[PDB]
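Only one chain comes next, encoded as structure tokens, the form deposited in one PDB entry.
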């Protein structure tokens, strides 16, 4: 009752609260070096739109680094920057207004969920929530990933006491920095209290999959812990030791025999549903690139709804999905006007404007969002493309389409098409030194097996094919990847060895581009013919 009303109020005078919100942001911030440079000496919208440039991270990074290294927040924000968010790797400024906003959305999405999902209030979530450790900055302020700034905060520790915030995992397991340990412990605790599990998931679908893969590879050992009442010794985190011990409590040979039997069936089909029969849905994002995990999650889960709830970034949370048990391709996020002041740059002829406000976007037009927040970012380009699909009252509904500049992404890692071409060029110089000359390049992401990875097709005085000289390539291609990438390749254990598949098959593919539609090389049916044109495969290590 209150819900329908709250959401009605919130989607209705959108123009208003967005101006009021702009007002709240700018006014204190006439005090900042950054706004003083653009002559913003009072609150004025048009003046703001006139003088404040629309920027990218590179443009403002010189400001953000000064705060990173210890200058006053006031260079960019009059609200103290109390920390940073990690996406080299980039650092967005951050304060508790992010957590105010995040928890507002958590509360809003829980209301949406129970409104659509029968019987969720009568159990616990097995959530694979992970705390990653903070880098420190010279200013002395921590840098954390988005969810981690939430966990290492009282917004989590003192979170509401009710179904949506009740997990089968003690908080020590969620807050453990070693995710190898804590993923195991998630699975152990979830198994021990398996009847109470009415939902499961993670922030993104790749973690759901990795969790099911760890389960497949660790179930024997999980049951031995359940049999003995003892956690496996290798888990060192003291918090996991004590807390997951109280959960085990004692020997459970009976419950171990029970789960051993479910796992031992021929097929892993619907294994999730068989170990956790009261599960009603999987709460994990499967929009954007994450949609490629849908077939394999539907395999393991027996076509349980995959609910994608939220759209968000380090700049801001944008909004939520108000039709949660719809299909991934049909998902739209209804931006929430109390988060940040949103603007939008048209990306098709549908909107011939230079830039437009939230309440001004046109139906069926595509746009790159533009964020102004409560932590020092002003008119910052987000680098997503969204499509306007509809309107809840006066609040628009967006399809997430694409990330403006990417080639491949198999997890947390974002490998821009520039950091991708940092390999087509990079390792080539050493093919050059031995009697080889590169021909072409193009990348794909494989989800044939877990862990997926990056697919890459490359092109007298002998007989077989050279290995020593060209297996180095793949291993020095990787060295060109980002930090967020490598982390997942090894420590998250979410990606395998990178690889190349040797295939004049790109003067041939060039005709496979006029065949369906001046033409320059691409960043990411097509494959059946390209798949064929290969003679060998190699690994890096």
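Rigid core here is just the name for the largest C-alpha set that superposes within 1.5 Å across the two forms. Numbering follows the first chain given and starts at 1.
Quick note: we don't show the form deposited in another entry, though the next part is all about it.
Q: Quick check on the comparison between this form and the one not shown: with the core aligned, only one of 408, 175, 105, 296 should show a Cα shift of at least 2 Å. Which one is it?
A: The listed residue whose C-alpha shifts by at least 2 Å is 408.
Q: Compare the position of the CA of residue 263 between this form and the one not shown after a rigid core fit and state whether the shift reaches 2 Å.
A: False for residue 263: its C-alpha shift is below 2 Å.
Q: Please state whether residue 238 has a C-alpha shift of 2 Å or more between this form and the one not shown, with the rigid core used for the fit.
A: Comparing forms between this form and the one not shown, the residue 238 CA shifts below 2 Å.
Q: Is residue 486 among the residues whose Cα moves by 2 Å or more between this form and the one not shown after superposition of the rigid core?
A: Moves: yes, 2 Å or greater.
Q: With a shift of at least 3 angstroms, figure out whether the C-alpha spacing between residue 423 and residue 403 grows or shrinks in that other deposited form: closer or farther?
A: Compared with this form, residue 423 and residue 403 lie closer in that other deposited form.
Q: Report the direction of the Cα distance change between residue 297 and residue 447 in that other deposited form, compared with the displayed form, as closer or farther; the change is 3 Å or more.
A: Farther: residue 297 and residue 447 separate by 3 Å or more in that other deposited form.
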